[PDB]
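Novice: Please read through the structure below; I'll follow up with questions.
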Amino acid sequence: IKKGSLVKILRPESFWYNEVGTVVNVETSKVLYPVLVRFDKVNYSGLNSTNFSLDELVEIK
Amino acid sequence: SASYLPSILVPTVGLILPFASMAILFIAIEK
Amino acid sequence: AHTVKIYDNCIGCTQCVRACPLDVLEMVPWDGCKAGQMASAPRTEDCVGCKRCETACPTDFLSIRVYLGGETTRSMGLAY
Amino acid sequence: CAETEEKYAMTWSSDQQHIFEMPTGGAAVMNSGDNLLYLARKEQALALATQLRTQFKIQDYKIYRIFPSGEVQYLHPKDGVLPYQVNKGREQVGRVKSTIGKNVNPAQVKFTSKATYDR
Amino acid sequence: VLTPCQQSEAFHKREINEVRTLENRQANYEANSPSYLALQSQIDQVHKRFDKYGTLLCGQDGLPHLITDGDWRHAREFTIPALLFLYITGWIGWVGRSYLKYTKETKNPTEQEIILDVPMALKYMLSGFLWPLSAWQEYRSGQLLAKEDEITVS
Amino acid sequence: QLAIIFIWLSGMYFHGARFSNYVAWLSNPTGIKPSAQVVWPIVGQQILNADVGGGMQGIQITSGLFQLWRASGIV
Amino acid sequence: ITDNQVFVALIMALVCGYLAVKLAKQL
Amino acid sequence: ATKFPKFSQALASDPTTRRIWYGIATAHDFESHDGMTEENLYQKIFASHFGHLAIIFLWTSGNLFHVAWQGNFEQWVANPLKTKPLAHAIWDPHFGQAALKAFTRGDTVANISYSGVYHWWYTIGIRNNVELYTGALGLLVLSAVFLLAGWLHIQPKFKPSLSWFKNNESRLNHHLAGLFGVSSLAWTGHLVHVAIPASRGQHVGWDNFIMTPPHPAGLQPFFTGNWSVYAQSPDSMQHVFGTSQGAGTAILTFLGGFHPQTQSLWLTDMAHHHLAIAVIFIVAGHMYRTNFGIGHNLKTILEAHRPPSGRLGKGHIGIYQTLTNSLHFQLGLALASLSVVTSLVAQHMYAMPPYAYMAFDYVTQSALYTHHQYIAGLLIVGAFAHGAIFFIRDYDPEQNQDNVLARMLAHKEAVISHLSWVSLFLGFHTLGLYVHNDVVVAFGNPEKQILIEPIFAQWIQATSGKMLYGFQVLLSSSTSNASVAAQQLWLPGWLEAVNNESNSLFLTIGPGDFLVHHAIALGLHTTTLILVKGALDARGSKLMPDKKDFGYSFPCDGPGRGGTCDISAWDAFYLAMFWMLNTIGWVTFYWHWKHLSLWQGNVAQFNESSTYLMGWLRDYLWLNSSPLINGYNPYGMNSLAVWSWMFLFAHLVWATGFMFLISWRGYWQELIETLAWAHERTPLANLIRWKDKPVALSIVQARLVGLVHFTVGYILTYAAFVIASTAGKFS
Amino acid sequence: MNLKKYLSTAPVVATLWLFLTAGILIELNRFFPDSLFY
Ligand code: CLA
Ligand code: CLA
Ligand code: CLA
Ligand code: CLA
Ligand SMILES: CC1=C(/C=C/C(C)=C/C=C/C(C)=C/C=C/C=C(C)/C=C/C=C(C)/C=C/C2=C(C)CCCC2(C)C)C(C)(C)CCC1
Ligand SMILES: CC1=C(/C=C/C(C)=C/C=C/C(C)=C\C=C\C=C(C)\C=C\C=C(C)\C=C\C2=C(C)CCCC2(C)C)C(C)(C)CCC1
Ligand code: SF4
Ligand code: SF4
Ligand code: SF4
């Protein structure tokens, strides 16, 4: 929801499913996948920074 | 013991059956 | 023909079209992303299916998926 | 061959007699004014389009798809526009509502003539 | 049948065969040759080698078999190097786990596994000695395991 | 690369010097089998030291260095 | 051990061959 | 329908040569055709089952006919130790002159039937060629019956309804009762009426089998339950199999153990055996409901087994749905159960040799075991291959909502990690110990070996009476509970067979048993690491979760995301077929080198020279291929010249497999373009143009055809070496 | 200064360490050869 929040994912096809990651971008411009999140570890394409929607976006405290 | 029968059946199934069966299957590709 | 389907992860960064050596994929103005772009695959009759798009598809997991369908003359890519 | 297969005729124009490389192999003379090139398959032709375009300005180029009944087609360019550049004329086909995450299981497509992504 | 090894006859036949067969090479050299001295030390390394197998069980082959039941009459065969070995790779496993859960939180963890922090590496290299009651005290703390890590579809 | 080759050839001339039976081989070449490398005596592998004559054993050369040295005239 | 039973055998498997082509040209 | 794949229009439009190969390899893939729905599927596999059964009975009528007509069967009956069992005769026009002198056995030039068939037909009670002809006609008739049914149930109004196919409920009421229970009961009706009297000398052919009862008094004072009369007078000691000397007249005596003379099981034991198995299966046929309604609803049998412990998901609720609707689950259980049955068959054909004068010809016994082990491994790999086909093209995790199967796909990570652990452990602790023993033996010292006595197998042989170890437990101790408990019934006839070292039952055991049996468990756990891997990661992995969308044998995903060579669920097949041939490799090398030490006699030749690897490559491959590879010389040839040829032939199969396995397509796809350029451009051949366009083999086919040459080369090489090795050291 | 950082890399530490444990086994098998007990 907010920038910089540590966020676990709930979409089973991501490489980072059930792994927390830091929110880079939150866009408020009707984008279906507005929240650009990057990570510590890296998938097979060499690309940690991906993006997600709000339903697949669980913050922690 | 009809000993002459392999001298008939072993060629007519060993070679000429995979000639005409090549014809039947391979024309049967186009039928 | 190799059915190329382009899902809604397609943030329109055009490495698919610039990566495809067949112009089966173009870019379509689609007001659903930040860049306003989303690729399309109209001419999948020319689609080889070499999956050079899915190499250079920097989405989360593969907005553009190339399903290996039928094999015509052009989709087999034979020279003669 | 030209009696039964589609020959792809890349036509283009230039300014100087440079030297490019054929997809057949080996260098070609590169007529300066305007020149055609009959090719075999499309990846050769657009590989020549990348062969020229990543070197220098070669634009106003496109293959006429010679199919053996006689007529032509217009590949590459299609719309006076470069394909990764966005023109507001290309109507999108080949999309679904979401990611792979909502594709149906193939035990629901089983014994039916559908696809695992159609929804 | 597992005979006690010090009185198996074919075992002693292997003693005669390797001492005498190795002594066939000793019939080439003079009394002060360094080769000949090496075969003196080698014959020592055969008689000691066979007298130090006096409590094994060489069967019908004259070859010393083992036992892995933990009979406590044969614990020096297997279970004592079993406990010893599991201590050594519980050391190595605990050192590797402790070092990775160090460098998981550093500045550049990718650089930390190429270039080992020999400060913190040789910290943990030695510090993983009491790993049974360090893993048993981290396991009661809810820290040895993990939960809700990566998984595929289903 | 030439540094590794000179380390290698200096290795061959030193293994010919210290470890080999080359001076003994030069007496009767057709009887004494050529050997340089004298295996260290650990468990069992002292059996690799072949009694190749020359009053000293070790694993046998097949690289033919001694035939290059007799042609060279190394005495 | 005889010859006539061999003829009877290839008759019965010739008929069985007609059931093989008979089943074969329906599935 | 238009061209070739009269069944798939996705391949009839293909102009290449792929329409041929995929037209062949997807022919039996009935779940993926043009418009073949469920009723049109079961009504085709049900007919093709009949075509298959008629192929089986045509084949067994083939063996009956060649043994009936070209074999030496009754001359073999005269002297079953001396004369070799002849197979079908030869007609080569290629055997010039010197070959024919290396095959004449009488007037015939026939092959020597190394398939154990005369033994089984000799214990059945076939003592003539006439009964073989009447049996061969009796199976040509039966194959005509099965072809009649498969042709008959594809005739349209006799194509049965799918609700009949979904009477899953009652097939088990009829297979367990009729197919298994009655027929085995009927097989006692053979053994009581044929094998017992024609073993005890009485030629009970098809005449007097209703006028000569197998017991001299029978069935009018025998509904009264005086059943000890049928086990009254056994065949004790002084009998040769076939005559009437030294034999009693009891039918169902359970002595246990072997013959003294033929070293096979008693046919009284098999008559009583199939009779008891018959009664227990007929009892098991009364298990499920039907139109009557006295039995078990299967939904009430998988629904009820949800534990209140709660650990095992929401129980099996969902399993009965995914066996009716599925087929690859049902075929996976079928190949699993048949495969474990085959391995049980193999582990008992040598151990308890059933057939008289087997374990006397040492080649047929060496071929039956290896035969059923390679068929055993093939059918396990079929069970897991259709397991992965079940998890892709047949699995519904919404009818399997948090089911036992969905629980399996949940903890598949722990499953594959622990299979990989035990396979790694055994692979560093067989190969570690063989390279230890081989270095140490190599360094002039066989004594400094690690030999671990396999005490658990020695203790289990002590539980079955093998007194040669000194444990003195349940049956080895003659005073225990089980030792007294069957002291009259079957023990003293059986412990003689156990404590003997002639027979192949409960063998004497060195540490080669230890190191090899760990190598076998390495093979099982690697092969299930692969199969359970690409059966549980068959559906979706973290490399690509799209895998369920692509079907079973999709090729790859391209170079994207690092490279994706062999990600499919077909790879687990493709690799665990190598591990199948390897593992069954070590099983049959171990068995065959154990029995080339027993049959030669020098068991110490095994136990001293099998604990390390040059014991195998020296004492078994280098030495026992000597009468093989002398199959033909520049001095002449002998009868082994077939196998020594086949041997070499099979190497040429095997390494051609590597041409497809190692070197993949895009080499050849740009080499066929040179061949088609050269064919198009040349004169006198540009007239003869192809119709199907020449295209190199696709990379599922290519890995498959390289696998097929790997199997055919492997199995023909080892079938050459078993038979030429034992037939060279003997016969 | 940075030489020790080269001596802290993966293969150099792996050879200075596996050289050391290999030295433990080789020196512990000259001194105590043929150790099948314990
Ligand atoms: C950090 C050290 C470490 C630790 C604690 C473990 C622990 C484990 N591994 Mg392992 N592994 C490691 C390193 C480690 N691994 C490395 C470096 C590799 C690459 C070779 C592997 C490859 C590997 C495979 C392929 C498998 C395991 C498995 C397992 C589990 C079963 C135990 C086993 O058989 O080990 C396996 C041990 C080995 C394969 C060899 C030992 C690994 C190295 C050489 C020893 C550790 C030294 C390490 C480099 C020290 C670094 C720290 C130091 C510099 C300060 C266990 C949780 C298995 C599993 O999933 O079971 C549940 C399994 O199948 N591991
Ligand atoms: C009593 C009635 C009866 C009987 C005898 C059968 C018999 C058969 N049915 Mg069937 N069926 C029945 C009722 C019956 N059915 C009913 C009522 C239904 C409807 C609910 C069906 C529905 C049905 C379907 C849908 C299918 C069959 C099929 C089959 C065939 C199985 C394949 C086969 O031959 O395996 C033979 C197997 C054995 C003999 C035993 C194998 C395993 C044992 C344990 C090992 C062998 C024993 C021994 C150790 C080895 C001896 C070998 C020797 C060399 C020593 C078989 C002929 C299938 C088929 O192939 O179609 C024809 C098929 O698809 N049936
Ligand atoms: C009764 C048992 C049984 C049955 C009914 C099936 C049925 C099926 N299997 Mg199958 N399978 C089985 C056992 C069985 N399998 C076993 C035991 C294994 C392990 C070896 C497999 C491994 C297997 C794989 C890997 C695949 C199947 C597939 C299939 C499906 C399509 C098969 C097809 O179209 O082939 C068409 C027919 C052929 C290809 C002919 C077979 C020729 C083979 C390849 C080589 C034999 C050539 C021979 C050795 C050369 C002779 C020369 C001589 C010198 C030896 C079908 C439902 C496929 C599937 O469902 O995926 C979509 C698939 O990919 N099966
Ligand atoms: C000689 C042939 C060979 C060998 C040894 C192996 C060995 C192995 N395969 Mg395998 N495989 C082979 C051929 C072979 N394969 C072929 C032909 C195929 C078909 C392509 C496969 C397909 C296959 C699959 C599909 C799988 C395996 C797996 C495995 C591993 C099983 C677990 C185990 O036993 O670990 C014990 C480890 C060993 C036996 C390794 C050998 C020990 C080495 C030599 C010592 C370490 C190096 C040593 C110090 C030398 C240093 C070198 C020097 C330069 C410094 C094991 C490494 C599986 C796996 O990953 O399991 C976890 C797996 O899933 N294999
Ligand atoms: C993938 C898949 C699958 C698979 C397949 C298979 C292959 C399986 C496995 C399985 C198997 C392969 C089987 C096995 C089993 C096991 C067993 C069965 C064991 C046990 C044992 C026992 C039981 C024994 C014991 C004993 C004795 C020794 C004597 C006394 C008594 C008794 C009996 C107890 C399935 C279809 C399922 C599902 C789907 C998918
Ligand atoms: C006694 C004996 C024996 C054995 C057996 C047994 C005992 C078995 C079982 C088995 C078992 C009983 C197992 C268990 C397991 C389980 C689990 C559950 C595991 C765990 C693991 C873990 C937890 C790991 C971790 C770790 C650690 C701990 C340390 C560090 C490293 C690591 C991290 C890796 C024998 C016969 C040999 C011999 C005689 C005696
Ligand atoms: S999908 Fe990946 S590649 Fe295709 S446009 Fe969007 S970003 Fe560029
Ligand atoms: S499929 Fe092959 S060709 Fe068509 S776009 Fe994706 S990569 Fe380029
Ligand atoms: S090689 Fe061909 S098949 Fe194997 S991964 Fe690269 S692309 Fe996919």
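Each chain of the structure tokens is named A, B, ... in the order shown, its residues numbered from 1; ligands are numbered from 1 in display order.
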Using only C-alpha atoms, which residues sit within 9 Å of residue 91 (chain D) once same-chain residues fewer than 3 positions away are excluded, as an mmCIF file with C-alpha atoms, in the first residue's frame?
Specialist:
data_model
loop_
_atom_site.group_PDB
_atom_site.id
_atom_site.type_symbol
_atom_site.label_atom_id
_atom_site.label_comp_id
_atom_site.auth_asym_id
_atom_site.auth_seq_id
_atom_site.Cartn_x
_atom_site.Cartn_y
_atom_site.Cartn_z
ATOM 1 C CA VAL C 28 -1.165 -1.477 -29.008
ATOM 2 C CA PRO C 29 -2.139 1.658 -27.037
ATOM 3 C CA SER C 40 -0.543 -7.736 -29.456
ATOM 4 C CA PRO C 42 -2.114 -10.496 -34.766
ATOM 5 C CA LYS D 88 -3.294 4.178 -32.558
#
Novice: Please write out the residues within 9 Å of ligand 7 as a ChimeraX atom specification, counting only C-alpha atoms and all ligand atoms.
Specialist: /C:6-19,25,27,37-40,53-64 /D:84
Novice: Include N, CA and C atoms and write out the residues we just selected as an mmCIF file, in the first residue's frame.
Specialist:
data_model
loop_
_atom_site.group_PDB
_atom_site.id
_atom_site.type_symbol
_atom_site.label_atom_id
_atom_site.label_comp_id
_atom_site.auth_asym_id
_atom_site.auth_seq_id
_atom_site.Cartn_x
_atom_site.Cartn_y
_atom_site.Cartn_z
ATOM 1 N N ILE C 6 -1.003 -12.840 -24.931
ATOM 2 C CA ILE C 6 -0.299 -11.780 -24.227
ATOM 3 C C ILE C 6 -1.160 -11.346 -23.061
ATOM 4 N N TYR C 7 -0.717 -11.649 -21.852
ATOM 5 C CA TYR C 7 -1.598 -11.559 -20.701
ATOM 6 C C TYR C 7 -1.549 -10.133 -20.162
ATOM 7 N N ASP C 8 -2.121 -9.894 -18.987
ATOM 8 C CA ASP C 8 -2.201 -8.538 -18.468
ATOM 9 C C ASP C 8 -1.073 -8.191 -17.513
ATOM 10 N N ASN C 9 0.027 -8.924 -17.551
ATOM 11 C CA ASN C 9 1.244 -8.427 -16.939
ATOM 12 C C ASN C 9 2.022 -7.522 -17.873
ATOM 13 N N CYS C 10 1.578 -7.385 -19.120
ATOM 14 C CA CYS C 10 2.343 -6.722 -20.167
ATOM 15 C C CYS C 10 2.405 -5.232 -19.926
ATOM 16 N N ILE C 11 3.498 -4.776 -19.328
ATOM 17 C CA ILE C 11 3.635 -3.386 -18.917
ATOM 18 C C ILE C 11 4.115 -2.525 -20.074
ATOM 19 N N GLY C 12 4.269 -3.127 -21.245
ATOM 20 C CA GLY C 12 4.542 -2.374 -22.445
ATOM 21 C C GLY C 12 5.945 -1.825 -22.498
ATOM 22 N N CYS C 13 6.938 -2.660 -22.223
ATOM 23 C CA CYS C 13 8.318 -2.220 -22.310
ATOM 24 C C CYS C 13 8.985 -2.636 -23.606
ATOM 25 N N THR C 14 8.233 -3.245 -24.522
ATOM 26 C CA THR C 14 8.566 -3.442 -25.937
ATOM 27 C C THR C 14 9.848 -4.233 -26.176
ATOM 28 N N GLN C 15 10.349 -4.987 -25.198
ATOM 29 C CA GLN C 15 11.428 -5.909 -25.519
ATOM 30 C C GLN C 15 10.922 -7.128 -26.257
ATOM 31 N N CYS C 16 9.619 -7.379 -26.202
ATOM 32 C CA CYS C 16 9.040 -8.465 -26.973
ATOM 33 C C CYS C 16 9.083 -8.167 -28.459
ATOM 34 N N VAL C 17 8.568 -7.001 -28.857
ATOM 35 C CA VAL C 17 8.533 -6.642 -30.267
ATOM 36 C C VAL C 17 9.941 -6.427 -30.794
ATOM 37 N N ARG C 18 10.785 -5.750 -30.019
ATOM 38 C CA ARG C 18 12.169 -5.579 -30.430
ATOM 39 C C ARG C 18 12.963 -6.875 -30.361
ATOM 40 N N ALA C 19 12.465 -7.881 -29.649
ATOM 41 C CA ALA C 19 13.147 -9.162 -29.582
ATOM 42 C C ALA C 19 12.654 -10.144 -30.626
ATOM 43 N N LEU C 25 4.443 -9.660 -33.256
ATOM 44 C CA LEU C 25 4.002 -8.832 -32.148
ATOM 45 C C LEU C 25 4.184 -7.359 -32.489
ATOM 46 N N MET C 27 2.862 -3.261 -30.802
ATOM 47 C CA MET C 27 2.414 -2.596 -29.595
ATOM 48 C C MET C 27 1.086 -1.916 -29.865
ATOM 49 N N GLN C 37 0.800 1.061 -22.962
ATOM 50 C CA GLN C 37 1.088 0.161 -24.059
ATOM 51 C C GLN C 37 0.823 -1.266 -23.615
ATOM 52 N N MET C 38 0.381 -2.094 -24.550
ATOM 53 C CA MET C 38 0.323 -3.528 -24.321
ATOM 54 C C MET C 38 0.459 -4.199 -25.672
ATOM 55 N N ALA C 39 1.323 -5.204 -25.745
ATOM 56 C CA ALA C 39 1.634 -5.832 -27.015
ATOM 57 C C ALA C 39 0.456 -6.653 -27.518
ATOM 58 N N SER C 40 0.430 -6.864 -28.827
ATOM 59 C CA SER C 40 -0.543 -7.736 -29.456
ATOM 60 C C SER C 40 0.180 -8.648 -30.428
ATOM 61 N N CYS C 53 10.795 -14.093 -27.575
ATOM 62 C CA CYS C 53 10.036 -13.138 -26.782
ATOM 63 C C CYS C 53 10.105 -13.455 -25.298
ATOM 64 N N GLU C 54 9.877 -14.712 -24.932
ATOM 65 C CA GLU C 54 9.805 -15.078 -23.525
ATOM 66 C C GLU C 54 11.156 -15.016 -22.832
ATOM 67 N N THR C 55 12.249 -14.968 -23.590
ATOM 68 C CA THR C 55 13.529 -14.587 -23.014
ATOM 69 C C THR C 55 13.477 -13.147 -22.532
ATOM 70 N N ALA C 56 13.176 -12.229 -23.440
ATOM 71 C CA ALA C 56 13.159 -10.803 -23.137
ATOM 72 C C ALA C 56 11.737 -10.331 -22.860
ATOM 73 N N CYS C 57 11.163 -10.863 -21.791
ATOM 74 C CA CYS C 57 9.858 -10.441 -21.294
ATOM 75 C C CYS C 57 10.043 -10.152 -19.816
ATOM 76 N N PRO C 58 10.355 -8.923 -19.460
ATOM 77 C CA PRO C 58 10.742 -8.635 -18.080
ATOM 78 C C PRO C 58 9.569 -8.431 -17.145
ATOM 79 N N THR C 59 8.544 -9.258 -17.239
ATOM 80 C CA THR C 59 7.432 -9.161 -16.316
ATOM 81 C C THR C 59 7.712 -10.087 -15.145
ATOM 82 N N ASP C 60 6.733 -10.233 -14.250
ATOM 83 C CA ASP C 60 6.903 -11.099 -13.091
ATOM 84 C C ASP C 60 7.035 -12.550 -13.513
ATOM 85 N N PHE C 61 6.010 -13.084 -14.155
ATOM 86 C CA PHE C 61 6.181 -14.326 -14.892
ATOM 87 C C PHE C 61 5.399 -14.211 -16.192
ATOM 88 N N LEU C 62 6.076 -13.711 -17.229
ATOM 89 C CA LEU C 62 5.793 -14.020 -18.632
ATOM 90 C C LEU C 62 4.369 -13.639 -19.036
ATOM 91 N N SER C 63 4.174 -12.325 -19.136
ATOM 92 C CA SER C 63 2.978 -11.770 -19.755
ATOM 93 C C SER C 63 2.677 -12.397 -21.104
ATOM 94 N N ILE C 64 3.704 -12.661 -21.899
ATOM 95 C CA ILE C 64 3.525 -13.221 -23.226
ATOM 96 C C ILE C 64 3.911 -14.680 -23.190
ATOM 97 N N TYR D 84 7.400 -1.560 -32.720
ATOM 98 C CA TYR D 84 7.437 -1.291 -31.294
ATOM 99 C C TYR D 84 7.044 0.137 -30.971
#
Novice: Can you tell me which residues come within 10 Å of ligand 1 when counting only C-alpha atoms and all ligand atoms, ideally as JSON, numbers by chain?
Specialist: {"E": [89, 90, 91, 92, 93, 94, 95, 96, 97, 98, 99, 100, 101, 113, 114, 115, 116, 117, 118, 120, 121, 122, 123, 124, 125, 126, 128], "H": [413, 414, 415, 416, 417, 418, 419, 420, 421, 422, 423, 424, 425, 428], "I": [10, 13, 14, 17]}
Novice: For ligand 2, collect every residue having any atom at a distance of at most 9 Å from a ligand atom (counting only C-alpha atoms and all ligand atoms); output as number ranges by chain.
Specialist: H: 42, 45-53, 120, 146, 149-150, 164-180, 182-184, 338, 341-342, 345
Novice: CA of residue 106 (chain H) to CA of residue 368 (chain H): how many Å, to one decimal?
Specialist: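 Taking CA of residue 106 (chain H) and CA of residue 368 (chain H), their separation equals 26.4 Å.
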Novice: Taking 5 positions as the minimum chain separation for residues in the same chain, which residues sit within 12 Å of residue 75 (chain E) when counting only C-alpha atoms? Answer as a ChimeraX atom specification.
Specialist: /E:55-56,66-70,80-84 /I:37-38
Novice: When the cut-off is 10 Å and we count only C-alpha atoms, which residues of chain F are near chain I, given as number ranges by chain?
Specialist: F: 41-44
Novice: Could you give me, as a PyMOL selection string, each residue of chain E that DSSP assigns to alpha helix (DSSP H) when run on this structure's backbone?
Specialist: chain E and resi 9-24+34-51+79-103+109-114+118-127+132-139
Novice: Looking at E:33, E:110, E:21, E:103, which one is nearest to chain F, with distances taken over only C-alpha atoms?
Specialist: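 The shortest atom-to-atom distance to chain F comes from E:33.
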